[PDB]
Amino acid sequence: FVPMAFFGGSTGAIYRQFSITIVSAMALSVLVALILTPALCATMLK
Amino acid sequence: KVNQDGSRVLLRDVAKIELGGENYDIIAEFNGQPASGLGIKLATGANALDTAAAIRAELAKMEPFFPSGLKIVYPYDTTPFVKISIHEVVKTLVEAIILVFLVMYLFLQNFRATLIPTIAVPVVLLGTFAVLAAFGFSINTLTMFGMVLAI
Amino acid sequence: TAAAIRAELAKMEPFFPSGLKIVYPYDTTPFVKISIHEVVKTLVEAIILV
Amino acid sequence: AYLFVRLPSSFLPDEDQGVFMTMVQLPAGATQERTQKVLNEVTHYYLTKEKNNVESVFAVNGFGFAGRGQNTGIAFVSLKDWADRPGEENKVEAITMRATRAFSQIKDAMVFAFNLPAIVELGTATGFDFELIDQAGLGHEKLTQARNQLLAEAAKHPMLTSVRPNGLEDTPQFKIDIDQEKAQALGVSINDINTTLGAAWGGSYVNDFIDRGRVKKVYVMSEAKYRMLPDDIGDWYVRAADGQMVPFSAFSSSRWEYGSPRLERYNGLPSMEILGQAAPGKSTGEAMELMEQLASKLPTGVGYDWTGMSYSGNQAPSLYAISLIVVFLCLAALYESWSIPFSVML
Amino acid sequence: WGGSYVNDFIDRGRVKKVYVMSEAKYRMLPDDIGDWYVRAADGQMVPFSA
Amino acid sequence: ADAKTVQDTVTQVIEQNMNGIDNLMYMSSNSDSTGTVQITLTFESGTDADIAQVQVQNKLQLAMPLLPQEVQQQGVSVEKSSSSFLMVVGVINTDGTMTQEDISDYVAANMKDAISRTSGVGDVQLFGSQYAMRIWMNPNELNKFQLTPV
Amino acid sequence: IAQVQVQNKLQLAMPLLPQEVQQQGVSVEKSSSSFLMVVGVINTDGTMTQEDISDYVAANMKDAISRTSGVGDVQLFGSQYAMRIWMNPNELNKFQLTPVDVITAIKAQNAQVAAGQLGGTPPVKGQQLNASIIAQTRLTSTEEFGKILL
Ligand SMILES: CC(=O)NC[C@H]1CN(c2ccc(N3CCOCC3)c(F)c2)C(=O)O1
C-alpha cells in the first residue's frame, strides 16, 4: 500500500488517500490486535 | 437645449427613458416560466458542502423580506448526492458488521465469543477518522470506500 | 530554473529565420555540474583509498 | 496476463448524479429568437416526453460553456429522486442517450446532452486536447488554413480518430470605413463621429445613479428599431463645425468582411484549439503521437502544444515496482530465510 | 528632445509602441533650440528663442 | 467592442504584462466578440492558490493604465476558477407577477451581493442583470433638434 | 508576501504619479544582484541588424522566458521594435505645424473604435441577423503611418 501511496499527477489524493486510509486502518488494526483484541481475547472468551 | 423661441428640449423628447436591464444578452427560463437565479462557482481549495450550507445560511435571512410572489427553487444541486453517498456507504458498513457477526456466530457456537471482532473493528474505524483528520484529510468518496474496503 | 530556461527556449529554435543562431556566454551550469563531478569523484577515491 | 491486457482502462466511473445538462449551438450569426426556439424544443422535450424522470429544467439563453453570445444556449436538467427512477432507462445514461438521439433528428442546429463527468471536467483519457500555435508572424487566416489542413489530414486517414475545432466558426462582419478627409472637409470631429457610432450601436457607460439606496449604472444606447439593419447607419446625423447636421453615409463607407467572433491564444501567441478523441482501437498516446507527425506537416510558422487533458496510469509501473521491493524487504523483517520471501510472492 | 509615448500599434500580431521624437541632427547642440517653432493663438509661428 | 479590437487592446496588453509569476503551467486566452476577454493562468497542483491569485492580480495592476478607459471603468476581475457550479438557486415569481428583468434585478440587489461574499464563494454567475437607467436615443428626434449622442 | 506588501502599497500611490509614468512600465520584482544564464543571440546567414535581433528575441523569446520557471527579472540587451517617427522642425514649421499636431493626428487617426453590432443586444422581434461591426482598426505598416493626414 505505502509504495503505491507515492502518488503523482492529477491522480494524487486518489491513490494517496485510498492507500494511507487503509495503511492507517492497518496499523490501528494491528495495535488493537496487540492491545485491545488480545485483552478481550483474554478476560472473557470461553 | 433651449431653442430660439424659448422652447426647451428635454431628454424625454429625444429618448425613451426606462429603468431597464444593464445587459439584455442572457435570459433564463425555469420550466418555461420567466426566471433568474444564482449560479455559484466554487473556489479553488474550498470546502464544498460547507460553502453550500453557508450559501443556504446567507440566503436564509432574505426570505422573510421578499415581495409578493418572489419564491425560491432549487435546480442543479449537489448536496443530496453527497448526503446519499454518506448514507449508502455507512449503511454498507453496518451491513458488513451484521453479516460478519453472523459468520462469526455460524462458526463460533459461543455467543460471547462472537462479540470480540464485532467490538474490535468499530474501534479501528474510528481511529482512522482520527488519523485522517490529523493528517489533514476529510470524509471523501475515496476515504469512505477506503474504510469499507479496509473493513 | 536554468534547465527550464533551456526548456522554454528549446521550442523556438526550429522556427528561427535564416542566420538566427544561439550562443552561450556567461553560464553557471558547467561549474555546478563539475562541482558535483569533482566531489563525487573524491568520494569514490576515498572509498578505494580506505 | 491475457485477462489483464485485454482489460480496457478507465479513471473513475461516470454515474447518475440525478442532475445533468444539455448544450445548444446555433450556426453563425444566429439570433436570440432562434436559439430561444431551439431551447423551447429541448426544454419541452424534457417536459412532455420524460415526465417520470425530469423534475425541473432551467434553460438559459445567451450563455454557453464555450462562451457568450446569441449563438449558444444551456439547459440545466434536474431529475426526480433516485427512488422514482427505477429502471436503467431512467438512469442518466439512457435518458441522455435518447435525448441526444431525438435532438440529433428534429433540430437544424447542434444540440447535445451530457452526463456530468464526476468532479471537475479534468481528465478523461482515451482522448486529447490539441493546440495549434502560430509561432511566426503569420496572420489569423493562415492559421485558420493550417487548422483546416490538420483537421483534414487527420480525418483523411483515421486505428482511427474523431477531430473537430473548439468553436471558432468565423462569421461575416460589417466593416465601416470612415474617411478622415471628407470628415475634416465637412467640419465633423472624428471623436464626435466615433462616440456617436459607439454610443448608438454598442451603448456606453455614462455615469452612476442611486436606485432605492443601491447605486446602479446609467447606459445610453438607442431604440432597437434604429439599429437592426445596415441601412440604419444613414439614420444617424452628426453636428459639424458650421452647426449643420451631416448624413453619416456622407463621410462613411461600408462593406462586408470576414472575421472570427472568438480569438483564441495559447501562451502569448495566437492559437486555435483542436478537440479530438483517440481511436476506438488505439489508445491516448498512440493517437497523440500519430497526430503530432500530422501537425509536423503544416507550413512554416505553425507549431503545436498540448493543454489540459493531454498534460491505470504512468506511475503504476514504478509504483508497483516499489511495491515489488518493499514487499520482499518486509518479508524479511520478521521472516528470515531467503525462501519465505519467495513463498507468498507466488 | 526626449520623445513621447503616443499610442500602440500592431506589428505582425504583436502590439508594440509608437514613439515620436525628432531627427537626431536637429537636437545635438544647444543652438538647435531655435530650430523649433510654436503655433500661437493668432495662427503665426513663434521662434523658441523668443 | 469586437473580437479583433479586444484581442489587442485589452488581451495582449495584459498578456505581455503578465510575466515573472511563480509556478505557472500555462496561460490560455479567449477574446469574445461580445467584447470580453478571459485569460486563464494555470498553476502547478498543490500551490498556494491564495498567493497565486496575488502574483497575477498584482501584475495586472501594472497594465491597467494601458487599458482603454472604457475598460478601466468597466469590470476587471481576478478569481479562483472552478469549471462547474454546485448550487444553482433559481428564483421565480407566483403571486405579484414581476418580469424576468425585475427578478434578476432583485436577486442582484438583495442576494447576489451577499452570496458572492459568503463562505469563500468563487465566482457567482448571475442569470440576467441588475437594473440600470436605460436611455434609448431616437436618431430622428436628435437630428430634428440638431443634437448628437455626445 | 513581502512582494505583495510593497506592490500593493505602490497601488495607493499610482494615481499620484505623472500619467507619463502610469502608461509607462511600473514593476515590482524579486531581486538577484547577478545573472546566471546569458543567452546571446547572433546572426550568420541572412544578415539582420542588432536592432532586428533585439526585436526578434523580444518578440518570440523574452515574453516566454520571463514567464518560465520563476525567472526573476529578464534584462533585454537592446529593445523590441516600435513605430519610430522622427519629426523635422523645418518641414513642421514650413507647413506651420507643431509636434502637438502630429501627436493629436496619431492619437486620432491611429486607434481602434468600439462599435456595436447589427442585431443589437436587445433586438426587435423576428430579427434574423446578428453580426458585429468593425470601425477603425489600428494601423499596421510604416507606409500606413506615412499617409497620416496632418
Ligand atoms: C487546511 C490545512 O492546510 N491543514 C494543514 C494540515 C497539515 N497537517 C499535517 C499534519 C501532519 C503531517 N505529518 C506529520 C509528520 O510527518 C508526516 C506527516 C503533515 F505533513 C501535515 C496538519 O496538522 O494540518
# chains A, B, ... in the order shown; residues from 1 in each chain; ligands from 1

$ residues_near_ligand --ligand "ligand 1" --cutoff "8 Å" --atoms "only C-alpha atoms and all ligand atoms" --output "list in words"
residues 133, 134, 135, 136 and 137 of chain B

$ interface_residues --of "chain F" --to "chain E" --cutoff "10 Å" --atoms "only C-alpha atoms" --output "number ranges by chain"
F: 8-9, 12-13, 16, 66

$ residues_around --residues "region 21-38 of chain B" --least-positions-apart "2" --cutoff "7 Å" --atoms "only C-alpha atoms" --output "VMD selection string"
(chain B and resid 40) or (chain D and resid 56 to 63) or (chain F and resid 88 to 92 100 to 101 103 to 104 124 to 132) or (chain G and resid 121 to 122)

$ select_by_dssp --residues "chain C" --states "strand (DSSP E or B)" --output "PDB file with N, CA and C atoms, in the first residue's frame"
ATOM      1  N   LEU C  20      19.680  33.295 -37.797  1.00  0.00           N
ATOM      2  CA  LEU C  20      19.393  33.446 -36.375  1.00  0.00           C
ATOM      3  C   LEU C  20      19.935  32.269 -35.566  1.00  0.00           C
ATOM      4  N   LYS C  21      21.068  32.481 -34.900  1.00  0.00           N
ATOM      5  CA  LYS C  21      21.744  31.407 -34.174  1.00  0.00           C
ATOM      6  C   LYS C  21      22.001  31.749 -32.705  1.00  0.00           C
ATOM      7  N   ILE C  22      21.999  30.714 -31.868  1.00  0.00           N
ATOM      8  CA  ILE C  22      22.158  30.858 -30.426  1.00  0.00           C
ATOM      9  C   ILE C  22      23.622  30.751 -30.007  1.00  0.00           C
ATOM     10  N   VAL C  23      23.971  31.452 -28.932  1.00  0.00           N
ATOM     11  CA  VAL C  23      25.301  31.370 -28.345  1.00  0.00           C
ATOM     12  C   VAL C  23      25.209  31.561 -26.825  1.00  0.00           C
TER      13      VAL C  23
END

$ closest_residue --among "F:65, F:144, F:58, F:110" --to "residue 9 (chain G)" --atoms "only C-alpha atoms"
F:58

$ interface_residues --of "chain D" --to "chain G" --cutoff "6 Å" --atoms "only C-alpha atoms" --output "CSV table (one decimal) with N, CA, C and O atoms, in the first residue's frame"
chain,number,residue,atom,x,y,z
D,29,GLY,N,-23.9,33.7,-36.6
D,29,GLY,CA,-24.7,34.9,-36.6
D,29,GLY,C,-26.2,34.8,-36.3
D,29,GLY,O,-27.0,35.6,-36.6
D,30,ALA,N,-26.5,33.7,-35.7
D,30,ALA,CA,-27.9,33.4,-35.3
D,30,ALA,C,-28.4,34.4,-34.3
D,30,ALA,O,-27.6,35.0,-33.6
D,31,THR,N,-29.7,34.5,-34.1
D,31,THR,CA,-30.3,35.5,-33.2
D,31,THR,C,-30.9,34.8,-32.0
D,31,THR,O,-31.1,33.6,-31.9
D,173,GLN,N,-18.6,40.0,-40.9
D,173,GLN,CA,-18.7,41.3,-40.1
D,173,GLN,C,-19.0,42.5,-41.0
D,173,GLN,O,-18.9,42.4,-42.2
D,174,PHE,N,-19.4,43.6,-40.4
D,174,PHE,CA,-19.8,44.7,-41.1
D,174,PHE,C,-18.7,45.8,-40.9
D,174,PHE,O,-18.7,46.6,-39.9
D,175,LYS,N,-17.9,46.0,-41.9
D,175,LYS,CA,-16.8,47.0,-41.9
D,175,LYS,C,-17.3,48.3,-42.3
D,175,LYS,O,-17.9,48.5,-43.4
D,176,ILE,N,-17.0,49.3,-41.5
D,176,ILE,CA,-17.3,50.7,-41.8
D,176,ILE,C,-16.0,51.5,-42.0
D,176,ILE,O,-15.2,51.6,-41.1
D,198,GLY,N,-20.5,54.5,-31.6
D,198,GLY,CA,-20.3,53.6,-30.5
D,198,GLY,C,-21.4,53.6,-29.5
D,198,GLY,O,-21.9,52.6,-29.0
D,201,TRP,N,-24.8,52.2,-31.3
D,201,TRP,CA,-24.9,50.8,-31.7
D,201,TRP,C,-24.4,49.9,-30.6
D,201,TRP,O,-24.8,48.7,-30.6
D,202,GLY,N,-23.5,50.3,-29.7
D,202,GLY,CA,-23.0,49.4,-28.7
D,202,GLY,C,-23.2,49.9,-27.3
D,202,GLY,O,-22.9,49.3,-26.3
D,224,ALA,N,-34.1,50.0,-30.4
D,224,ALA,CA,-33.6,48.9,-31.2
D,224,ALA,C,-34.0,49.1,-32.7
D,224,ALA,O,-33.2,48.8,-33.6
D,228,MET,N,-31.0,47.8,-36.4
D,228,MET,CA,-31.1,46.3,-36.7
D,228,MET,C,-30.6,46.0,-38.1
D,228,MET,O,-30.1,44.8,-38.3

$ residues_around --residues "residue 316 (chain D)" --least-positions-apart "3" --cutoff "10 Å" --atoms "only C-alpha atoms" --output "list in words"
residues 4, 6, 7 and 8 of chain A; 312, 313, 319, 320, 321, 322 and 323 of chain D

$ interface_residues --of "chain D" --to "chain E" --cutoff "8 Å" --atoms "only C-alpha atoms" --output "NGL selection string"
:D and (137-139 or 270)

$ write_last_selection --atoms "C-alpha atoms" --output "JSON list (two decimals), in the first residue's frame"
[["chain", "number", "residue", "atom", "x", "y", "z"],
["D", 137, "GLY", "CA", 4.13, 36.27, -37.76],
["D", 138, "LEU", "CA", 1.51, 34.57, -39.91],
["D", 139, "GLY", "CA", -1.96, 36.11, -39.97],
["D", 270, "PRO", "CA", -2.27, 33.39, -31.47]]

$ interface_residues --of "chain C" --to "chain D" --cutoff "12 Å" --atoms "only C-alpha atoms" --output "number ranges by chain"
C: 8, 11-17

$ write_last_selection --atoms "C-alpha atoms" --output "PDB file, in the first residue's frame"
ATOM      1  CA  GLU C   8      11.214  27.033 -22.953  1.00  0.00           C
ATOM      2  CA  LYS C  11      10.877  25.156 -28.697  1.00  0.00           C
ATOM      3  CA  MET C  12      11.842  28.307 -30.598  1.00  0.00           C
ATOM      4  CA  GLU C  13      14.917  27.119 -32.493  1.00  0.00           C
ATOM      5  CA  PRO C  14      13.036  25.357 -35.321  1.00  0.00           C
ATOM      6  CA  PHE C  15      11.034  28.487 -36.212  1.00  0.00           C
ATOM      7  CA  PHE C  16      14.004  30.867 -36.401  1.00  0.00           C
ATOM      8  CA  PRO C  17      14.697  32.746 -39.656  1.00  0.00           C
TER       9      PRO C  17
END

$ interface_residues --of "chain G" --to "chain E" --cutoff "12 Å" --atoms "only C-alpha atoms" --output "ChimeraX atom specification"
/G:19-25,55-56,58-60,63,79-112,137-142,144-145

$ select_by_dssp --residues "chain E" --states "helix (DSSP H, G or I)" --output "list in words"
residues 24, 25, 26, 30, 31, 32, 33, 34 and 35 of chain E

$ residues_around --residues "residue 11 (chain G)" --least-positions-apart "5" --cutoff "12 Å" --atoms "only C-alpha atoms" --output "PyMOL selection string"
(chain F and resi 57-65) or (chain G and resi 4-6+16-17+22+26-28)

$ closest_residue --among "F:22, F:102, F:70, F:48" --to "chain D" --atoms "only C-alpha atoms"
F:70

$ residues_around --residues "residue 45 (chain A)" --least-positions-apart "4" --cutoff "12 Å" --atoms "only C-alpha atoms" --output "tab-separated table (two decimals) with N, CA and C atoms, in the first residue's frame"
chain	number	residue	atom	x	y	z
A	37	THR	N	-7.63	-6.34	21.17
A	37	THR	CA	-8.02	-7.70	20.77
A	37	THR	C	-7.41	-8.81	21.63
A	38	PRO	N	-6.12	-8.71	22.01
A	38	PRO	CA	-5.62	-9.75	22.91
A	38	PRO	C	-6.28	-9.71	24.28
A	39	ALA	N	-6.45	-8.51	24.83
A	39	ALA	CA	-7.02	-8.34	26.16
A	39	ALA	C	-8.45	-8.86	26.22
A	40	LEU	N	-9.21	-8.62	25.16
A	40	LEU	CA	-10.58	-9.10	25.06
A	40	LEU	C	-10.59	-10.59	24.75
A	41	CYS	N	-9.56	-11.06	24.06
A	41	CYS	CA	-9.42	-12.48	23.78
A	41	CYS	C	-9.10	-13.18	25.09
B	108	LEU	N	-18.32	-19.90	15.32
B	108	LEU	CA	-18.14	-19.99	16.76
B	108	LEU	C	-19.50	-20.08	17.42
B	109	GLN	N	-19.83	-21.26	17.93
B	109	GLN	CA	-21.11	-21.51	18.58
B	109	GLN	C	-21.39	-20.51	19.70
B	110	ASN	N	-20.35	-20.20	20.47
B	110	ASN	CA	-20.47	-19.30	21.61
B	110	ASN	C	-20.94	-17.90	21.22
B	111	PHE	N	-21.93	-17.40	21.95
B	111	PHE	CA	-22.49	-16.08	21.69
B	111	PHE	C	-21.60	-15.00	22.30
B	112	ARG	N	-20.81	-15.37	23.29
B	112	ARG	CA	-19.93	-14.42	23.97
B	112	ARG	C	-18.63	-14.23	23.20
B	113	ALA	N	-18.30	-15.19	22.35
B	113	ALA	CA	-17.05	-15.15	21.59
B	113	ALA	C	-17.19	-14.32	20.32
B	114	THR	N	-18.40	-14.25	19.79
B	114	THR	CA	-18.65	-13.54	18.54
B	114	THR	C	-18.84	-12.04	18.75
B	115	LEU	N	-18.53	-11.56	19.96
B	115	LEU	CA	-18.62	-10.14	20.25
B	115	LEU	C	-17.29	-9.43	20.02
B	116	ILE	N	-16.19	-10.17	20.20
B	116	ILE	CA	-14.85	-9.59	20.09
B	116	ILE	C	-14.54	-8.95	18.72
B	117	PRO	N	-14.77	-9.67	17.61
B	117	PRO	CA	-14.49	-9.00	16.34
B	117	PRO	C	-15.51	-7.91	16.06

$ interface_residues --of "chain F" --to "chain D" --cutoff "8 Å" --atoms "only C-alpha atoms" --output "MDAnalysis selection string"
chainID F and resid 1:4 7 12 15:16 26:34 70 82:84 109 127 130:140 143 146:150

$ write_last_selection --atoms "N, CA and C atoms" --output "short mmCIF file (atom, residue, chain, number, x, y, z; two decimals), in the first residue's frame"
data_model
loop_
_atom_site.label_atom_id
_atom_site.label_comp_id
_atom_site.auth_asym_id
_atom_site.auth_seq_id
_atom_site.Cartn_x
_atom_site.Cartn_y
_atom_site.Cartn_z
N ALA F 1 -17.26 46.46 -28.07
CA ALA F 1 -16.08 46.19 -28.88
C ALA F 1 -16.12 44.81 -29.52
N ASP F 2 -15.44 44.68 -30.66
CA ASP F 2 -15.40 43.42 -31.38
C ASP F 2 -14.18 42.60 -30.98
N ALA F 3 -14.14 41.36 -31.47
CA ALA F 3 -13.09 40.41 -31.11
C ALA F 3 -11.70 40.90 -31.48
N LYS F 4 -11.55 41.36 -32.72
CA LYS F 4 -10.27 41.88 -33.20
C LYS F 4 -9.78 43.01 -32.32
N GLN F 7 -8.91 41.79 -28.61
CA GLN F 7 -7.80 40.85 -28.64
C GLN F 7 -6.46 41.57 -28.57
N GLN F 12 -3.79 41.42 -25.28
CA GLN F 12 -2.34 41.40 -25.45
C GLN F 12 -1.61 42.29 -24.44
N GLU F 15 -1.49 40.16 -21.38
CA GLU F 15 -0.61 39.01 -21.60
C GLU F 15 0.86 39.39 -21.55
N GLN F 16 1.24 40.41 -22.30
CA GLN F 16 2.64 40.84 -22.36
C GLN F 16 3.10 41.36 -21.00
N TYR F 26 0.49 27.23 -17.70
CA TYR F 26 0.21 27.88 -18.97
C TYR F 26 -0.78 29.03 -18.86
N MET F 27 -0.90 29.78 -19.95
CA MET F 27 -1.76 30.95 -19.99
C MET F 27 -2.60 30.93 -21.26
N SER F 28 -3.86 30.53 -21.13
CA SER F 28 -4.74 30.42 -22.29
C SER F 28 -5.78 31.53 -22.30
N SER F 29 -5.99 32.15 -23.46
CA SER F 29 -6.86 33.32 -23.54
C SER F 29 -7.95 33.22 -24.60
N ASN F 30 -9.14 33.67 -24.23
CA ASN F 30 -10.26 33.76 -25.15
C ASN F 30 -10.73 35.20 -25.29
N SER F 31 -10.77 35.68 -26.53
CA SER F 31 -11.26 37.02 -26.82
C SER F 31 -12.60 36.93 -27.54
N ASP F 32 -13.66 37.29 -26.83
CA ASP F 32 -15.02 37.14 -27.33
C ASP F 32 -15.55 38.41 -27.99
N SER F 33 -16.20 38.22 -29.14
CA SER F 33 -16.79 39.30 -29.93
C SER F 33 -17.82 40.10 -29.16
N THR F 34 -18.26 39.56 -28.03
CA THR F 34 -19.12 40.29 -27.11
C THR F 34 -18.31 41.41 -26.46
N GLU F 70 -12.55 52.92 -21.15
CA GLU F 70 -13.83 52.25 -21.23
C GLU F 70 -13.80 50.94 -20.45
N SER F 82 -13.42 27.39 -10.99
CA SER F 82 -13.97 26.04 -10.90
C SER F 82 -14.87 25.83 -12.11
N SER F 83 -14.49 24.91 -12.99
CA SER F 83 -15.14 24.75 -14.29
C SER F 83 -16.63 24.38 -14.23
N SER F 84 -17.15 24.16 -13.03
CA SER F 84 -18.56 23.83 -12.87
C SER F 84 -19.12 24.31 -11.54
N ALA F 109 -29.78 42.63 -6.13
CA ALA F 109 -29.88 43.81 -5.29
C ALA F 109 -30.34 43.46 -3.88
N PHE F 127 -27.80 35.11 -13.68
CA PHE F 127 -28.58 34.83 -14.88
C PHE F 127 -29.59 35.93 -15.14
N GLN F 130 -28.66 43.21 -13.09
CA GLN F 130 -29.18 44.22 -12.18
C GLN F 130 -29.71 45.39 -12.99
N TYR F 131 -30.62 46.16 -12.39
CA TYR F 131 -31.22 47.30 -13.08
C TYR F 131 -30.21 48.38 -13.43
N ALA F 132 -30.64 49.29 -14.29
CA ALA F 132 -29.80 50.37 -14.77
C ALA F 132 -30.67 51.39 -15.50
N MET F 133 -30.31 52.66 -15.35
CA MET F 133 -31.02 53.73 -16.03
C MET F 133 -30.75 53.61 -17.52
N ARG F 134 -31.74 53.11 -18.25
CA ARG F 134 -31.58 52.84 -19.67
C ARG F 134 -32.20 53.94 -20.51
N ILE F 135 -31.36 54.58 -21.33
CA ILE F 135 -31.81 55.69 -22.17
C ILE F 135 -31.67 55.37 -23.65
N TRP F 136 -32.81 55.21 -24.32
CA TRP F 136 -32.84 54.81 -25.72
C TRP F 136 -33.00 56.01 -26.65
N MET F 137 -31.89 56.48 -27.21
CA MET F 137 -31.90 57.65 -28.09
C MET F 137 -32.66 57.42 -29.38
N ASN F 138 -33.37 58.46 -29.83
CA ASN F 138 -34.04 58.44 -31.12
C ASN F 138 -33.28 59.33 -32.09
N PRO F 139 -32.73 58.73 -33.15
CA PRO F 139 -31.89 59.42 -34.14
C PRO F 139 -32.60 60.62 -34.76
N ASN F 140 -33.86 60.44 -35.11
CA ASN F 140 -34.63 61.49 -35.75
C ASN F 140 -34.88 62.67 -34.80
N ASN F 143 -31.71 64.52 -34.39
CA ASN F 143 -31.37 65.31 -35.56
C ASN F 143 -32.34 66.45 -35.82
N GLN F 146 -31.36 68.98 -33.92
CA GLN F 146 -29.93 69.18 -34.16
C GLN F 146 -29.09 68.80 -32.94
N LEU F 147 -29.09 67.51 -32.61
CA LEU F 147 -28.36 67.02 -31.45
C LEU F 147 -27.68 65.68 -31.73
N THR F 148 -26.50 65.51 -31.15
CA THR F 148 -25.75 64.26 -31.26
C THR F 148 -25.75 63.53 -29.92
N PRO F 149 -25.53 62.21 -29.95
CA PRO F 149 -25.33 61.39 -28.74
C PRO F 149 -24.38 62.04 -27.74
N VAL F 150 -23.36 62.72 -28.25
CA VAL F 150 -22.37 63.38 -27.41
C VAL F 150 -23.02 64.43 -26.52
#

$ atom_distance --atom1 "CA of residue 81 (chain B)" --atom2 "CA of residue 123 (chain B)"
27.6 Å

$ residues_around --residues "residue 7 (chain C)" --least-positions-apart "4" --cutoff "10 Å" --atoms "only C-alpha atoms" --output "JSON, numbers by chain"
{"C": [1, 2, 3, 11, 12], "G": [65, 68, 69]}

$ write_last_selection --atoms "C-alpha atoms" --output "PDB file, in the first residue's frame"
ATOM      1  CA  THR C   1      15.254  27.442 -13.374  1.00  0.00           C
ATOM      2  CA  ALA C   2      18.127  27.378 -15.872  1.00  0.00           C
ATOM      3  CA  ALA C   3      17.271  23.902 -17.163  1.00  0.00           C
ATOM      4  CA  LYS C  11      10.877  25.156 -28.697  1.00  0.00           C
ATOM      5  CA  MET C  12      11.842  28.307 -30.598  1.00  0.00           C
TER       6      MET C  12
ATOM      7  CA  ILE G  65      11.378  33.115 -20.990  1.00  0.00           C
ATOM      8  CA  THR G  68       9.038  30.339 -17.339  1.00  0.00           C
ATOM      9  CA  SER G  69      10.137  28.630 -14.113  1.00  0.00           C
TER      10      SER G  69
END

$ closest_residue --among "D:345, D:28, D:188, D:326" --to "chain A" --atoms "only C-alpha atoms"
D:326

$ decode --residues "region 34-81 of chain D" --atoms "C-alpha atoms" --output "mmCIF file, in the first residue's frame"
data_model
loop_
_atom_site.group_PDB
_atom_site.id
_atom_site.type_symbol
_atom_site.label_atom_id
_atom_site.label_comp_id
_atom_site.auth_asym_id
_atom_site.auth_seq_id
_atom_site.Cartn_x
_atom_site.Cartn_y
_atom_site.Cartn_z
ATOM 1 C CA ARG D 34 -33.971 31.372 -32.992
ATOM 2 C CA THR D 35 -31.891 29.855 -30.197
ATOM 3 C CA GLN D 36 -34.846 30.595 -27.938
ATOM 4 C CA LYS D 37 -36.974 28.486 -30.277
ATOM 5 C CA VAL D 38 -34.493 25.609 -30.160
ATOM 6 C CA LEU D 39 -34.342 25.954 -26.377
ATOM 7 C CA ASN D 40 -38.130 25.720 -26.291
ATOM 8 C CA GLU D 41 -37.994 22.490 -28.275
ATOM 9 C CA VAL D 42 -35.376 20.981 -25.952
ATOM 10 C CA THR D 43 -36.991 22.183 -22.720
ATOM 11 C CA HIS D 44 -40.349 20.759 -23.683
ATOM 12 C CA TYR D 45 -38.874 17.530 -24.953
ATOM 13 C CA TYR D 46 -37.766 17.201 -21.343
ATOM 14 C CA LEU D 47 -41.205 18.422 -20.263
ATOM 15 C CA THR D 48 -43.546 16.162 -22.254
ATOM 16 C CA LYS D 49 -41.665 13.002 -23.266
ATOM 17 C CA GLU D 50 -39.878 12.497 -19.960
ATOM 18 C CA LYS D 51 -42.217 13.298 -17.082
ATOM 19 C CA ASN D 52 -41.479 10.236 -14.962
ATOM 20 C CA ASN D 53 -37.878 11.406 -14.618
ATOM 21 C CA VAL D 54 -37.476 15.159 -15.100
ATOM 22 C CA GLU D 55 -38.422 17.262 -12.083
ATOM 23 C CA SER D 56 -37.389 20.660 -13.429
ATOM 24 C CA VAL D 57 -35.409 22.302 -16.218
ATOM 25 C CA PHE D 58 -33.545 25.606 -16.176
ATOM 26 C CA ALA D 59 -32.882 26.770 -19.727
ATOM 27 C CA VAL D 60 -30.598 29.755 -20.240
ATOM 28 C CA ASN D 61 -30.459 31.716 -23.478
ATOM 29 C CA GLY D 62 -27.307 33.630 -24.334
ATOM 30 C CA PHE D 63 -24.931 31.716 -22.090
ATOM 31 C CA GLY D 64 -22.980 28.600 -23.011
ATOM 32 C CA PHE D 65 -19.903 26.981 -21.500
ATOM 33 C CA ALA D 66 -17.914 27.667 -24.652
ATOM 34 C CA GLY D 67 -18.600 31.371 -24.248
ATOM 35 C CA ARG D 68 -21.290 34.027 -24.508
ATOM 36 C CA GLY D 69 -23.397 35.346 -27.371
ATOM 37 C CA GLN D 70 -26.691 34.683 -29.123
ATOM 38 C CA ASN D 71 -25.248 31.537 -30.698
ATOM 39 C CA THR D 72 -25.149 29.447 -27.526
ATOM 40 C CA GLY D 73 -27.755 28.090 -25.138
ATOM 41 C CA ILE D 74 -27.621 25.985 -21.994
ATOM 42 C CA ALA D 75 -30.131 23.776 -20.198
ATOM 43 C CA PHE D 76 -29.706 22.566 -16.623
ATOM 44 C CA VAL D 77 -31.794 19.459 -16.019
ATOM 45 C CA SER D 78 -32.720 18.227 -12.550
ATOM 46 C CA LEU D 79 -34.298 14.779 -12.374
ATOM 47 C CA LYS D 80 -36.634 13.193 -9.841
ATOM 48 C CA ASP D 81 -35.001 11.401 -6.920
#
